[PDB]
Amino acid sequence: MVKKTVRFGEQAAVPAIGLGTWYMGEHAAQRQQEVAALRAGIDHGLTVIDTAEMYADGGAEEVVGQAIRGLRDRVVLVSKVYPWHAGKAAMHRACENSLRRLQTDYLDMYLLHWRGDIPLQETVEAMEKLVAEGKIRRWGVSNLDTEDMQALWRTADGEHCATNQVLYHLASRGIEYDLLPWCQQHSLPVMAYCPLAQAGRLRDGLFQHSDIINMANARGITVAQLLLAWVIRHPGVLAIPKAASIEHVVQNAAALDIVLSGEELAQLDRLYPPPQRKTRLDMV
């Protein structure tokens, strides 16, 4: 079967499952383990690594930095800037600091982490300057709903936006009503974060559901793998699960090979139905 890829920035076809790093860089005795988890993912064909300045207050970025040493040409590196750093007075410095901790001279992609009080115009000019200087190849956003994206498109050069990173998983389908359709209409890939719902922390009976467990068992796959396949069932969606466990990384990479039937998806629609209303943008 055809490989599941996404056009992402300057990269024409990245694999549709990448590597999250939230809660890496926190525990300094787990450094080497985290490096190996990232390295196993790259080994198994995943290229997109997603981090941020927020994550363990620079720690995640440092871990990713050691992990990608000698492998910069193998990875598609995405980081992010706090809304309060996303204007003239702090953009260059926050990027410079991310880059230093990553031990690299460029990002493939830089995302506004979420929307704050800096006018979008200012943020876009700041990003375009980083592009011009070669610090980032492309820029994008995170945690923007349909209305924020429309506001971004009304901004000069705001259509250069490369992705929108938003929460999406089986038990939180809100983006399906209006956001994913808008994104498809403008050829904008979505990065899906918490694609496993934090291994069921964000939904009490998700991982423990009866039908789900049996649907996984019949395929010989795990629940997490079933939920990943679900996220990337349609094109233009790049899931970024986090896995500091090698066993989990390898499984996540194998989720790329899973094509769920029309029967199975309708059953999942009965258990976790799509939205019938403009729902507010879910975030963690």
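The numbering used is simple: start at 1 and walk along the sequence shown.
Taking only CA atoms, the mean B-factor in the PDB entry is higher for 54-62 than for the other of 54-62 and 41-49.
Comparing 252-260 with 238-246, the higher mean C-alpha B-factor in the PDB entry belongs to 252-260. Between the residues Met24, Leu271, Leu19, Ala16, it is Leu271 that shows the highest Cα B-factor in the PDB record. Take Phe207, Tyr106, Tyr110, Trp114 and read off each C-alpha B-factor from the entry; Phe207 has the highest.
For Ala126, the recorded CA temperature factor ranks within the middle third of the chain's modelled residues.
The entry lists a Cα temperature factor for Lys4 that places it in the middle third of the chain's modelled residues. Split the chain's modelled residues into thirds by C-alpha temperature factor. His169 is in the middle one.
In the deposited entry, the Cα temperature factor of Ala67 sits in the bottom third of values across the chain's modelled residues. Placement of the Cα temperature factor of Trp139 within the chain: lowest third of the modelled residues, per the deposited record.
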